[PDB]
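**Q** Sharing a structure here in structure tokens format.
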Number of protein chains: 2
Amino acid sequence: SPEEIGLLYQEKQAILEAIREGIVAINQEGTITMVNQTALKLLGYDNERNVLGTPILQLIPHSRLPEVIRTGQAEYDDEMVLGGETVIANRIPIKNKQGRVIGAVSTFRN
Amino acid sequence: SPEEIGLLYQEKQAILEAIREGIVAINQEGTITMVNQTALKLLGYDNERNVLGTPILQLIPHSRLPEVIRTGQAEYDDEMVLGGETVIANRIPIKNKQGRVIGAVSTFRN
């Protein structure tokens, strides 16, 4: 439904900050477009500039995000090992109004 | 139809969908502005229209979200019971460019 653009921006930033799942998103090119602090902590990075704009496969060479770009098919409850500990990922494609795949997002939860 | 604003909208919607923490947000008046499916399950609703636009205190009478609106001060790792489930809540204020508190979001996690 309709909302102010400034608000939409601030809502996104607030959600990223408040959650304790990690988020990593990419564009269709595979460059990281979105990351939260929880994700930086899980992955072992100091701050968002260490990661934004990087090809995701450079940092997570086994990522299935580029695959979700290709299929446009969500993947749920995938257990992964991260530095020996276990996390669970969901991977969702990001579509425009016209149905086209413009990106993809992974969560990483405990 | 600017591409980037459309993307920002879809990013917010994607995060809301992918996460498995509950999210509940309010405006300054205390009415619920955003809720996800995990949060609907905790509150005992099937249909978002039973929740959106409701005063948060009508559904979570012990909520401190209205208090965060007042203070503009974030609150972290607060243990609560919601419909008999034990959860941990973070509460983050939403501010505009002018510093004013325009809303607040809670996350509910295991």
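Labels used: A, B, ... for chains in the order of the structure tokens, numbers from 1 for residues in each chain, and numbers from 1 for ligands as shown.
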Give as an NGL selection string every residue of chain B that touches chain A within 8 Å, counting only C-alpha atoms.
**A** :B and (5-12 or 14-15 or 18-19 or 21 or 90-96 or 105-107 or 109)
**Q** Fit chain A to chain B: least squares, all C-alpha atoms, paired in order; write the output as a CSV table (one decimal) with N, CA and C atoms, in the first residue's frame.
**A**
chain,number,residue,atom,x,y,z
A,1,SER,N,21.6,4.6,-0.8
A,1,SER,CA,21.9,5.0,-2.2
A,1,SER,C,20.7,5.0,-3.1
A,2,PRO,N,20.7,5.5,-4.3
A,2,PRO,CA,19.4,5.5,-5.1
A,2,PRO,C,18.9,4.2,-5.6
A,3,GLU,N,17.6,4.0,-5.5
A,3,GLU,CA,16.9,2.9,-6.2
A,3,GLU,C,15.5,3.3,-6.6
A,4,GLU,N,15.1,2.5,-7.6
A,4,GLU,CA,13.7,2.6,-8.1
A,4,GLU,C,12.6,2.4,-6.9
A,5,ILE,N,11.5,3.1,-7.0
A,5,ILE,CA,10.5,3.1,-5.9
A,5,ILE,C,9.8,1.8,-5.8
A,6,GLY,N,9.4,1.2,-7.0
A,6,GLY,CA,8.8,-0.1,-7.2
A,6,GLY,C,9.6,-1.2,-6.5
A,7,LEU,N,10.9,-1.1,-6.8
A,7,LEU,CA,11.9,-2.1,-6.2
A,7,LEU,C,11.9,-2.0,-4.8
A,8,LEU,N,12.0,-0.8,-4.2
A,8,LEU,CA,12.1,-0.6,-2.8
A,8,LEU,C,10.8,-1.2,-2.1
A,9,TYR,N,9.6,-0.9,-2.6
A,9,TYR,CA,8.4,-1.6,-2.1
A,9,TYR,C,8.5,-3.1,-2.1
A,10,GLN,N,9.0,-3.7,-3.3
A,10,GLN,CA,9.0,-5.2,-3.4
A,10,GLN,C,10.1,-5.8,-2.5
A,11,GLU,N,11.2,-5.1,-2.3
A,11,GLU,CA,12.3,-5.5,-1.4
A,11,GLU,C,11.8,-5.6,0.1
A,12,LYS,N,11.0,-4.6,0.5
A,12,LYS,CA,10.5,-4.6,1.8
A,12,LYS,C,9.6,-5.8,2.0
A,13,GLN,N,8.7,-6.0,1.1
A,13,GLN,CA,7.7,-7.2,1.1
A,13,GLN,C,8.5,-8.5,1.1
A,14,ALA,N,9.5,-8.6,0.3
A,14,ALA,CA,10.4,-9.8,0.2
A,14,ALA,C,11.1,-10.1,1.5
A,15,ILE,N,11.7,-9.1,2.2
A,15,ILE,CA,12.4,-9.3,3.4
A,15,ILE,C,11.3,-9.7,4.5
A,16,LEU,N,10.2,-9.1,4.6
A,16,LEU,CA,9.2,-9.5,5.5
A,16,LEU,C,8.8,-10.9,5.4
A,17,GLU,N,8.7,-11.4,4.2
A,17,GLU,CA,8.3,-12.8,3.9
A,17,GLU,C,9.3,-13.8,4.1
A,18,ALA,N,10.6,-13.4,3.9
A,18,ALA,CA,11.7,-14.4,4.0
A,18,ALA,C,12.2,-14.7,5.4
A,19,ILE,N,12.2,-13.6,6.2
A,19,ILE,CA,12.7,-13.8,7.6
A,19,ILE,C,11.8,-14.7,8.4
A,20,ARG,N,12.4,-15.2,9.5
A,20,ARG,CA,11.6,-16.0,10.5
A,20,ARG,C,11.7,-15.4,11.9
A,21,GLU,N,11.9,-14.1,11.9
A,21,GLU,CA,11.6,-13.3,13.1
A,21,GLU,C,10.3,-12.7,12.9
A,22,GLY,N,9.5,-12.5,13.9
A,22,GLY,CA,8.3,-11.6,13.8
A,22,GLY,C,8.7,-10.2,13.8
A,23,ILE,N,7.9,-9.4,12.9
A,23,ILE,CA,8.0,-8.0,12.9
A,23,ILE,C,6.6,-7.4,13.2
A,24,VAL,N,6.6,-6.4,14.0
A,24,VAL,CA,5.5,-5.5,14.3
A,24,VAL,C,5.9,-4.1,14.3
A,25,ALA,N,5.4,-3.2,13.5
A,25,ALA,CA,5.7,-1.8,13.5
A,25,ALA,C,4.5,-0.9,13.8
A,26,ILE,N,4.8,0.2,14.3
A,26,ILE,CA,3.7,1.3,14.6
A,26,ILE,C,4.2,2.6,14.1
A,27,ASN,N,3.1,3.5,13.9
A,27,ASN,CA,3.4,4.8,13.7
A,27,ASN,C,3.5,5.6,15.0
A,28,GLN,N,3.6,6.9,14.9
A,28,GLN,CA,3.7,7.7,16.1
A,28,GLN,C,2.4,7.7,16.9
A,29,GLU,N,1.3,7.5,16.2
A,29,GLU,CA,-0.1,7.3,16.9
A,29,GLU,C,-0.2,6.0,17.6
A,30,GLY,N,0.7,5.1,17.4
A,30,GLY,CA,0.6,3.8,18.0
A,30,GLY,C,-0.2,2.7,17.2
A,31,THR,N,-0.6,3.0,15.9
A,31,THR,CA,-1.4,2.1,15.1
A,31,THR,C,-0.4,1.2,14.4
A,32,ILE,N,-0.7,-0.1,14.3
A,32,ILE,CA,0.2,-1.1,13.6
A,32,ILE,C,0.2,-0.7,12.1
A,33,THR,N,1.3,-0.5,11.6
A,33,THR,CA,1.6,-0.2,10.2
A,33,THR,C,2.3,-1.3,9.4
A,34,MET,N,2.8,-2.3,10.1
A,34,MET,CA,3.6,-3.3,9.4
A,34,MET,C,3.5,-4.6,10.3
A,35,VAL,N,3.4,-5.7,9.7
A,35,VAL,CA,3.3,-7.0,10.4
A,35,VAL,C,3.7,-8.1,9.3
A,36,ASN,N,4.5,-9.1,9.7
A,36,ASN,CA,4.7,-10.2,8.8
A,36,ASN,C,4.0,-11.5,9.3
A,37,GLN,N,4.1,-12.5,8.4
A,37,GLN,CA,3.4,-13.7,8.7
A,37,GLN,C,4.0,-14.4,9.9
A,38,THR,N,5.3,-14.4,10.2
A,38,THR,CA,5.9,-15.0,11.3
A,38,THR,C,5.3,-14.4,12.6
A,39,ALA,N,5.1,-13.0,12.7
A,39,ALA,CA,4.5,-12.3,13.8
A,39,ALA,C,3.1,-12.8,14.0
A,40,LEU,N,2.3,-12.9,12.9
A,40,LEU,CA,0.9,-13.4,13.0
A,40,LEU,C,0.9,-14.8,13.6
A,41,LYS,N,1.8,-15.6,13.2
A,41,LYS,CA,1.8,-17.0,13.7
A,41,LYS,C,2.2,-17.0,15.2
A,42,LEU,N,3.1,-16.2,15.6
A,42,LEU,CA,3.5,-16.2,17.0
A,42,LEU,C,2.4,-15.6,17.9
A,43,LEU,N,1.7,-14.6,17.4
A,43,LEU,CA,0.7,-13.9,18.2
A,43,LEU,C,-0.6,-14.6,18.1
A,44,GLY,N,-0.8,-15.5,17.2
A,44,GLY,CA,-2.1,-16.3,17.1
A,44,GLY,C,-3.2,-15.7,16.3
A,45,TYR,N,-2.7,-15.0,15.2
A,45,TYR,CA,-3.7,-14.3,14.3
A,45,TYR,C,-3.6,-14.9,12.9
A,46,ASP,N,-4.8,-15.0,12.3
A,46,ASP,CA,-4.9,-15.6,11.0
A,46,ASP,C,-4.3,-14.8,9.8
A,47,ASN,N,-4.5,-13.5,9.7
A,47,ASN,CA,-4.0,-12.7,8.6
A,47,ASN,C,-3.7,-11.2,8.9
A,48,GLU,N,-3.0,-10.6,8.0
A,48,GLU,CA,-2.6,-9.2,8.3
A,48,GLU,C,-3.7,-8.2,8.6
A,49,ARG,N,-4.9,-8.4,8.0
A,49,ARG,CA,-6.0,-7.6,8.3
A,49,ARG,C,-6.6,-7.7,9.7
A,50,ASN,N,-6.3,-8.8,10.4
A,50,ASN,CA,-6.6,-9.0,11.8
A,50,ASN,C,-5.9,-8.0,12.7
A,51,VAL,N,-4.8,-7.4,12.2
A,51,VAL,CA,-3.9,-6.7,13.0
A,51,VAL,C,-3.5,-5.2,12.4
A,52,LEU,N,-3.3,-5.1,11.1
A,52,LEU,CA,-3.0,-3.7,10.6
A,52,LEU,C,-4.0,-2.6,11.0
A,53,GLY,N,-3.5,-1.5,11.4
A,53,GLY,CA,-4.4,-0.3,11.7
A,53,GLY,C,-5.0,-0.3,13.1
A,54,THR,N,-4.7,-1.4,13.8
A,54,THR,CA,-5.1,-1.6,15.3
A,54,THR,C,-4.1,-0.8,16.2
A,55,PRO,N,-4.6,-0.2,17.2
A,55,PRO,CA,-3.7,0.4,18.2
A,55,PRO,C,-2.9,-0.8,18.8
A,56,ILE,N,-1.6,-0.7,18.8
A,56,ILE,CA,-0.8,-1.8,19.3
A,56,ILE,C,-1.1,-2.3,20.7
A,57,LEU,N,-1.5,-1.3,21.6
A,57,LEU,CA,-1.8,-1.7,23.0
A,57,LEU,C,-3.1,-2.4,23.2
A,58,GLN,N,-4.0,-2.5,22.2
A,58,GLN,CA,-5.1,-3.3,22.2
A,58,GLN,C,-4.8,-4.8,22.1
A,59,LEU,N,-3.8,-5.1,21.3
A,59,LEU,CA,-3.4,-6.4,21.0
A,59,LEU,C,-2.2,-6.9,21.9
A,60,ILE,N,-1.2,-6.0,22.1
A,60,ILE,CA,-0.1,-6.3,23.0
A,60,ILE,C,-0.1,-5.2,24.1
A,61,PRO,N,-1.0,-5.3,25.1
A,61,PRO,CA,-1.1,-4.3,26.1
A,61,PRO,C,0.2,-3.9,26.9
A,62,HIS,N,1.1,-4.8,27.0
A,62,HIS,CA,2.4,-4.6,27.6
A,62,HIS,C,3.6,-4.1,26.6
A,63,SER,N,3.2,-3.9,25.3
A,63,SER,CA,4.2,-3.4,24.4
A,63,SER,C,5.0,-2.2,24.9
A,64,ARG,N,6.3,-2.2,24.7
A,64,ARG,CA,7.2,-1.0,24.8
A,64,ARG,C,7.4,-0.2,23.6
A,65,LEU,N,6.8,-0.5,22.5
A,65,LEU,CA,6.9,0.3,21.3
A,65,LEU,C,6.5,1.8,21.5
A,66,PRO,N,5.3,2.0,22.1
A,66,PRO,CA,5.0,3.4,22.3
A,66,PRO,C,6.0,4.2,23.2
A,67,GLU,N,6.7,3.5,24.1
A,67,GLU,CA,7.8,4.0,24.8
A,67,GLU,C,9.0,4.4,24.0
A,68,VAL,N,9.4,3.6,23.0
A,68,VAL,CA,10.5,3.9,22.1
A,68,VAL,C,10.1,5.1,21.2
A,69,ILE,N,8.8,5.3,20.9
A,69,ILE,CA,8.3,6.5,20.2
A,69,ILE,C,8.7,7.8,21.0
A,70,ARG,N,8.4,7.7,22.3
A,70,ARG,CA,8.6,8.8,23.3
A,70,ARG,C,10.1,9.1,23.5
A,71,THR,N,11.0,8.1,23.7
A,71,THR,CA,12.4,8.3,23.9
A,71,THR,C,13.3,8.4,22.7
A,72,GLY,N,12.8,7.8,21.6
A,72,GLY,CA,13.7,7.7,20.4
A,72,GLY,C,14.9,6.8,20.7
A,73,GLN,N,14.8,6.0,21.7
A,73,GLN,CA,16.0,5.1,22.2
A,73,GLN,C,15.7,3.7,21.9
A,74,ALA,N,16.6,3.0,21.1
A,74,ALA,CA,16.5,1.6,20.8
A,74,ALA,C,16.7,0.8,22.1
A,75,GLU,N,16.0,-0.3,22.1
A,75,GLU,CA,16.1,-1.3,23.1
A,75,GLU,C,16.4,-2.7,22.5
A,76,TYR,N,17.5,-3.3,23.0
A,76,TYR,CA,17.9,-4.6,22.5
A,76,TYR,C,17.8,-5.8,23.4
A,77,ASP,N,17.6,-7.0,22.9
A,77,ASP,CA,17.7,-8.3,23.5
A,77,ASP,C,16.8,-8.4,24.8
A,78,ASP,N,15.6,-8.0,24.7
A,78,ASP,CA,14.6,-8.0,25.8
A,78,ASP,C,13.9,-9.4,25.7
A,79,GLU,N,14.0,-10.2,26.7
A,79,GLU,CA,13.4,-11.4,26.8
A,79,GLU,C,11.9,-11.3,27.3
A,80,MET,N,11.0,-11.9,26.6
A,80,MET,CA,9.6,-11.8,26.9
A,80,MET,C,9.0,-13.1,26.9
A,81,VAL,N,7.9,-13.3,27.6
A,81,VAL,CA,7.2,-14.5,27.6
A,81,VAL,C,6.0,-14.3,26.6
A,82,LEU,N,5.8,-15.3,25.8
A,82,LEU,CA,4.7,-15.2,24.8
A,82,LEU,C,4.0,-16.6,24.9
A,83,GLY,N,2.8,-16.6,25.5
A,83,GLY,CA,1.9,-17.7,25.7
A,83,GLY,C,2.6,-18.8,26.6
A,84,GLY,N,3.4,-18.3,27.5
A,84,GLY,CA,4.3,-19.2,28.3
A,84,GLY,C,5.7,-19.5,27.7
A,85,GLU,N,5.9,-19.3,26.4
A,85,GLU,CA,7.2,-19.7,25.7
A,85,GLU,C,8.1,-18.5,25.7
A,86,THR,N,9.4,-18.5,25.5
A,86,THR,CA,10.2,-17.3,25.6
A,86,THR,C,10.6,-16.9,24.1
A,87,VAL,N,10.6,-15.5,23.9
A,87,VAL,CA,11.0,-14.8,22.7
A,87,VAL,C,12.0,-13.7,23.1
A,88,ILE,N,12.7,-13.2,22.2
A,88,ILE,CA,13.6,-12.1,22.5
A,88,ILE,C,13.2,-10.9,21.5
A,89,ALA,N,13.1,-9.8,22.0
A,89,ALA,CA,12.7,-8.6,21.1
A,89,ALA,C,13.8,-7.6,21.0
A,90,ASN,N,14.0,-7.0,19.9
A,90,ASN,CA,14.7,-5.8,19.7
A,90,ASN,C,13.7,-4.7,19.3
A,91,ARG,N,13.8,-3.5,19.7
A,91,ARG,CA,12.9,-2.4,19.4
A,91,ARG,C,13.6,-1.2,18.9
A,92,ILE,N,13.4,-0.8,17.7
A,92,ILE,CA,14.2,0.2,17.0
A,92,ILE,C,13.2,1.4,16.7
A,93,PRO,N,13.6,2.6,16.9
A,93,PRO,CA,12.8,3.8,16.4
A,93,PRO,C,13.0,4.0,15.0
A,94,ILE,N,12.0,4.6,14.3
A,94,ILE,CA,12.1,4.9,12.8
A,94,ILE,C,12.1,6.4,12.8
A,95,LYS,N,13.1,6.9,12.2
A,95,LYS,CA,13.4,8.3,12.1
A,95,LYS,C,13.3,8.8,10.7
A,96,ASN,N,12.9,10.0,10.5
A,96,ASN,CA,13.0,10.7,9.1
A,96,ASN,C,14.4,11.3,9.0
A,97,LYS,N,14.7,11.8,7.8
A,97,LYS,CA,16.0,12.4,7.5
A,97,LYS,C,16.4,13.5,8.5
A,98,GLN,N,15.4,14.2,9.0
A,98,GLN,CA,15.6,15.4,9.9
A,98,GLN,C,15.7,14.9,11.4
A,99,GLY,N,15.9,13.6,11.7
A,99,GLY,CA,16.1,13.1,13.0
A,99,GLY,C,14.8,12.7,13.8
A,100,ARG,N,13.6,13.2,13.3
A,100,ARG,CA,12.4,13.0,14.1
A,100,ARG,C,11.8,11.6,14.1
A,101,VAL,N,11.3,11.1,15.2
A,101,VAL,CA,10.7,9.8,15.4
A,101,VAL,C,9.3,9.7,14.8
A,102,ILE,N,9.2,8.9,13.7
A,102,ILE,CA,8.0,8.7,13.0
A,102,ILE,C,7.3,7.3,13.2
A,103,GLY,N,8.0,6.5,14.0
A,103,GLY,CA,7.5,5.1,14.2
A,103,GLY,C,8.4,4.3,15.0
A,104,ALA,N,8.1,3.0,15.1
A,104,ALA,CA,9.0,2.1,15.9
A,104,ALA,C,8.7,0.7,15.4
A,105,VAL,N,9.7,-0.2,15.4
A,105,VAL,CA,9.6,-1.6,15.0
A,105,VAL,C,10.1,-2.5,16.1
A,106,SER,N,9.4,-3.5,16.4
A,106,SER,CA,9.8,-4.7,17.2
A,106,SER,C,10.0,-5.9,16.4
A,107,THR,N,11.1,-6.7,16.6
A,107,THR,CA,11.2,-8.0,16.3
A,107,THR,C,10.8,-8.9,17.4
A,108,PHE,N,10.6,-10.2,17.1
A,108,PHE,CA,10.3,-11.2,18.1
A,108,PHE,C,11.1,-12.4,17.6
A,109,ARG,N,12.1,-12.8,18.2
A,109,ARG,CA,12.9,-14.0,17.7
A,109,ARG,C,13.0,-15.1,18.8
A,110,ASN,N,13.3,-16.3,18.3
A,110,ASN,CA,13.4,-17.4,19.2
A,110,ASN,C,14.7,-17.7,19.8
